[PDB]
C-alpha cells in the first residue's frame, strides 16, 4: 500500500495473508474471508501454482511477524479460478479458495458482506484498500497491515486513464487524480472495502495498475458486484 498508515488489530477481520511454501515460505497475495470455508482473491495469484498443497491461509493477522512455523493456518482443499480468466489486464481476475477446515468466526476473523445486486447503483464514498504490499515500486513486504482510503473512479474516467486497455464494467477503479495512495506489489487479491449504511461490503479485489499511486493511473480492481452469481454458483453448489 502506497501512502497508507498502520491498521489497528481487528480493523479488517476479513483480510487474510495467503502464503506459498514453495520453494520457501513467503507471503503471496491478500484475500478476503467471504464464508466459513471460503476466501475470495485474485486469479493471477495462482500463476505457476500447480497444487493447492503449497498454500497456507492465515487469518487474524495484523503483523507478518505473528507467522512462524508454530502459527495455525488453513490448508487449501481447492483453487477455483474463473473459466474466462486469461490475465489481470483482461478482467475475470477472480478466484475462490475452498479451505480444508472451517474458520471459527470471532472479533479477529469474520466475513465481509458481498455487494447486493441492488447496491450496483449505490455510490460508495468510504472505500479502503488494505494489504502488506510495497510502499513504492522497489520496496519490500510490510510487517503491519496498511490501509489507505481511496475514492472510486467512474468507468469513463478510468478508461481515459488507460488508453490502449479495455476497461470493462467488470472492473472498478480507484485513486486520486494526483496519485499518492494506491495498492502496490504484494497487495493483489486483497480487498477494496467500502462502508455503506454502517455495513462493510467487498466492492473490489486488488488486481492491477500502471505503476503504483501514479498521477492519473487509478488502481484497477475486480468489480465484485458483477461476480456475485459466479461466487454463489461455486460456494452454493448442490
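Numbering follows the first chain given and starts at 1.
Across the two stretches, 16 to 24 and 222 to 230, the PDB entry reports the greater mean Cα temperature factor for 16 to 24. Comparing the deposited coordinates for 204 to 212 and 50 to 58, the stretch with the larger average C-alpha B-factor is 50 to 58. In the PDB entry, the Cα temperature factor peaks, among 129, 80, 122, 87, at 122.
When the modelled residues of the chain are ordered by their C-alpha B factor, residue 63 lands in the lowest third. Among the modelled residues of its chain, residue 93 has a C-alpha B-factor that falls in the lowest third according to the deposited record.
In the deposited entry, the Cα temperature factor of residue 41 sits in the bottom third of values across the chain's modelled residues.
The deposited CA B-factor of residue 165 belongs to the middle third of values across its chain. When all modelled residues of the chain are sorted by CA temperature factor, residue 1 is found within the lowest third.
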